[PDB]
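What follows is a structure written as structure tokens; I'll ask about it next.
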Amino acid sequence: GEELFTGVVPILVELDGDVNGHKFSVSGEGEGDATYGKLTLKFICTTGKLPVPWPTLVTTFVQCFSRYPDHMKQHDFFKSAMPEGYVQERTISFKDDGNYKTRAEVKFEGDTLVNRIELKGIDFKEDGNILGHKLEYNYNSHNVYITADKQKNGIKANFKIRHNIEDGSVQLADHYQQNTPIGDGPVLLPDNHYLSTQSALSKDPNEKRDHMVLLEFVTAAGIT
Amino acid sequence: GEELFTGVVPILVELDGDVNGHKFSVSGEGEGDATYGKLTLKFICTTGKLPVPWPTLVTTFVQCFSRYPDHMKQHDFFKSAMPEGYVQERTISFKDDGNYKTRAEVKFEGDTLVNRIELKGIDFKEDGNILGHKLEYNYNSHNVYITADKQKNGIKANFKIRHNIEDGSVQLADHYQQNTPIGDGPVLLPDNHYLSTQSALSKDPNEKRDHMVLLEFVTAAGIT
Amino acid sequence: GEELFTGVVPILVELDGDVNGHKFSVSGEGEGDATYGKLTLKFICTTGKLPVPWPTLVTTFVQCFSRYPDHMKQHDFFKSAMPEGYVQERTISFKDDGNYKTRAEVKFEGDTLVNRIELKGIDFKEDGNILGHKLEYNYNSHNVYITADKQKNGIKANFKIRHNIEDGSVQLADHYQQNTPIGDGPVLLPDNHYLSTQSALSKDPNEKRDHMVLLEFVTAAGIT
Amino acid sequence: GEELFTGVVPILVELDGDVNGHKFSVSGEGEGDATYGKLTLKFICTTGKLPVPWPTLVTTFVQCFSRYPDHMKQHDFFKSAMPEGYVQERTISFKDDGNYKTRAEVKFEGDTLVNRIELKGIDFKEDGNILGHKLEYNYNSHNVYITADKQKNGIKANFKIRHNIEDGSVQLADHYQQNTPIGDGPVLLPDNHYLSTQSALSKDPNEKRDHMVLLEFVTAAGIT
């Protein structure tokens, strides 16, 4: 599984969402280089315009592309679970607002890693930061604290994303993640570490569709 | 000046620092693509190990590589000031700890844009987050609010960098920037906007020296 | 490109320079053996005496004779650019003194490999270590940090040559290199590696002309 | 003594050492040409692999091959001590780590010059640059500061070898040398000069044994 990610791996991300009844679809494509811990993805909203701010969907849009140092390659659940993959489920709870509930299948379809996602957002305020598109088109550093879930033979991850709002304030997004293999068998369960993840959101200036270009760096840490 | 930045421009960054008497030097090199607003820089500490956390230096280490949208290219001081350049001076005031005072010459030496810097740090606590290297190796999104300083024929920029600390706190870095041209030629002086800048710090895993690989995206905004 | 270099290849080096107004010329000749990663070169200053210390000119005087280990022969730009060659251009910037700026074309011309160079040094102190010939007739070990220059279809290399002074101080020569191929075909463009270079300056005791015999040993490394 | 060295003299070097308990042996062989001040030596570790970085042992493995300019030949102890030879004894003291202590007898044995050495290093950090093999396979330029030792009818030499560490730092090896002749014979004892030494470490690519090819150029200087 691990040696599937030594080179640059093509990604394909595919979301079918619904936030407050607003159905939308994005098609992402990029490449990952787990060796450097970098993701390069471009997301198009193929249904028109994104009913939510693109920032709120970074984490929904393949942590198996994280750079795990040579020692804690023992704690790398994500790649271990490949090429069959894993199922990533989240409940992204935006403070003073609703929530997204995702369920994704991150797996190798051929030589390309695909993150096929289904998201359902509910309870969102039209006047709030997500539907009112009050979030800046930027992204900050977060630590994805991962812990084993012995019970489901997968992992669980908890973290709060800080979304910068245009007035100066921050919209907190509470992720409660869980990943479990699609796999017939063996996955490396981890001891408590984190993914130090950093992201930079941009725009292809020659691109008319509503899109996001995501540049992300992910490094496993917290184990000496 | 502006057309110097339409392609990918080689960068060279050169710092000579002194934080609390600790003299250090870094040599950065990369490339910038102002068209996309992206910087790719790798900094080596050529004097050994960095007495400060690499994060504290990101800002010191070429905003003439920002992507200014087609309706505010009139506000782009940075590129207008080229190839002679500008002098960027900062007082980076880390809350409750000490401060860096930089003075840099960002200019074209040949086909490559060089940021030759001189930094001097004072009133840093050994026990504090900078000398105690308590900052995470990560970087968040910031907005560099730029305003004209008509009398020095330059600009001023104000912003607070949020440095994430390993215990869970944030070390605030107050930048008070000023840029003034090197050439006698006239420059473009802006109406109040900001650079939305985002960064992602990584490591070349094949690199033994103390270094930082900086991936940064900069986009001018706040003018409709 | 690569198989031109599997034997001992005749070199012929020609410099015309001008440092602070002082025109000079050297003719170098010898042989390079890439299998070993060794150069045997002798430079004669054909205009009499060399206005600058012969060590300041060692990097100016055929990195295509680097020994690339088998596992990293995909990373050898220098030989891939052959026979048509490349153009090595540098800025050797002597700390606290002047700078050389060189432009050279390294290419095969019949059976031999010719490094034709033009150098222009400006802003030197006449009392400095270079014009004042304060440099020991020796040489150190240095790593030539190569990075790819996808745009110029070539490479950039960065290094500080340590030039030991008579009084036991060191004169750093910052070298900012850039190679672009002469021919039009594709070339091998590399991942960050370095050329481990070692040189030893000697004199032909049977030679009356101002000269330098250079024994160099160059070895690519940095990729496991 | 002097006229033994006017041609190319076969060398044969033999070390038996013990660093931290690790016994090893090397057999060196080559040739020295005092006229040029050059050594052509190849060292094979005959006990397999060398427990220490081959650079750490270059000064241990025939300064009688230094080129003395005709005017300071009266200052060449090393060759005056021949054929019966001298005994070079050193303390190579690796800053912040262990020390070698060597004792060697350099003398002719028939037509070749033999440096028979015994080395004992103790107090090495196994995580250090020497046992941890953190030293680049290269070598710098150094001045061997010779002083007379009237009292032991020989010489003392003092110098700090700069050993470049893979992370770009330098490991100083303080060398404290003392040569005394072996034979009854009168020796030439010198005024303060130095041996300008230069070396370049290479590999025989057709050699499977742990080895080092050393090209050295030594030139006496410091007396006008």
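The chains carry the letters A, B, C and D, assigned in the order they are written, with residues numbered from 1 in each.
As a working rule, contacts are C-beta pairs under 8 Å (C-beta built on N, C-alpha and C of every residue); 3 or more make two chains touch, one makes a residue touch a chain.
Listed candidates were B-D, B-C or A-B; the one reproducing the C-D interface, defined as more than half of contact pairs identical by residue number, is A-B. A straight line joining the Cα centres of chain B and chain C is 33 Å long. Distance between chain A and chain B, defined via averaged C-alpha coordinates, is recorded as 29 Å. Centre to centre, using the average C-alpha position, chain B and chain D are separated by 48 Å. In chain B, 44, 46, 204 are the positions where the chain touches two or more neighbouring chains simultaneously. Taken pairwise by the contact criterion, the protein chains fit none of the simple patterns, being neither a path, a ring, a star nor fully connected. Pairwise, the chains that touch each other are A-B, B-C, B-D, C-D. Considering their complex, residues 35-38, 67, 136-141, 143, 162, 164, 168, 196-203, 205, 215-217, 219 of chain D touch chain C. On the chain B side of its complex with chain C, the touching residues are 7-8, 10, 12, 14, 27, 29, 31, 42, 44, 46, 109-110, 112, 204, 206-207. Interface of chain C with chain B (complex): residues 91, 101, 145, 147, 149-151, 156, 158, 160, 174, 176, 178, 191-192, 222-224. Here chain B touches chain D in the complex through residues 44, 46, 48-49, 208-210, going by the rule given at the top. Listed in rising order, the residues of chain D touching chain B in the complex are 166-169.
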